[PDB]
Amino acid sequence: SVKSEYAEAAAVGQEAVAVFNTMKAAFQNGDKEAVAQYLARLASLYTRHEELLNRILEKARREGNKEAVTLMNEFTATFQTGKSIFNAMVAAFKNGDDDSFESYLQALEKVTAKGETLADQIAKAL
């Protein structure tokens, strides 16, 4: 069901959460080769999560589930904020700008932490 597709998408997000916190440790420790690999792994996870979310939203639309569609539109918008912050973090790593990288990492944690009370609302709405 759309609900099980959501629990599958939620797990992928929690995989990115895990890798992100591991990546933050490697950055703090100066293990740039680890960071590079973790950033690639995060890109693939965010691309997978985004595709799953879009399928879930499209299903809710086709099912006429207006409340789920509303919540998924809000959640997908915030998801794209994170994607932009993430992509800015990746560019800062390429450029050797640790100041920006730190900044973007905190910003991404905050945008992520905020968009969680909604993530639980969507699980109940589908």
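All residue numbers are counted from 1 along the displayed sequence.
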Averaging the C-alpha temperature factors as deposited, the higher value of 97-105 versus 46-54 falls on 97-105
Higher avg CA temperature factor (117-125 vs 3-11, as deposited) belongs to 117-125
The third of the chain into which the C-alpha temperature factor of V111 falls is the highest
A16: CA B-factor among chain residues, third -> middle
